[PDB]
């Protein structure tokens, strides 16, 4: 029941929002219009930056509707947004369809952002495991 500081690098876009209570993420908009040819990819700017709390992590997930209907996916899915990252959030989209192209319009919801805690583990090297 955390707050996430967000800066709208592109004031021309709506502020990402949680569709329904409980909804895992908030949809991210595309700041640009782009066409992905079958098999081709693209790094798309979302017009936003966020400040994920220390001990937490941002996760860029693909939208299931578009995923099925047009084969639109994310190459590095899940996208990993570190707590210290202050740059702009970009989504590496890819058209996984075999023959049809994917049209992306400035203003479309091209991904969803989730926020979860993360175990900042201290790795301790051992000679072997206990059995």
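So that the term is clear: the rigid core is the largest set of C-alpha atoms that superpose within 1.5 Å between two forms. Residue numbers count along the first chain shown, from 1.
Check your understanding: So which moves more in 8 other deposited structures of this protein by CA, 103-111 or 16-24, given a superposition on the core?
Key -> Once the core is superposed, the stretch further away in 8 other deposited structures of this protein is 16-24.
Exercise for review: Return whichever of 78-86 and 24-32 has the greater mean Cα B factor according to the PDB record.
Suggested key: Looking at the record's C-alpha B-factors, the answer is 24-32.
Check your understanding: Taking the Cα B-factors listed in the entry, which of 114, 123, 9, 120 comes out highest?
Key -> Each of 114, 123, 9, 120 was compared by C-alpha B-factor; the highest is 9.
Point to revise | Out of 57, 92, 50, 102, residue topping the C-alpha B-factor column of the entry | key: Spelled out: the listed residue with the top C-alpha B-factor is 102.
Check your understanding: Lowest, middle or highest third: where is residue 61 by C-alpha B factor in its chain?
Key -> Ranked within chain, residue 61 CA B lands in the lowest tercile.
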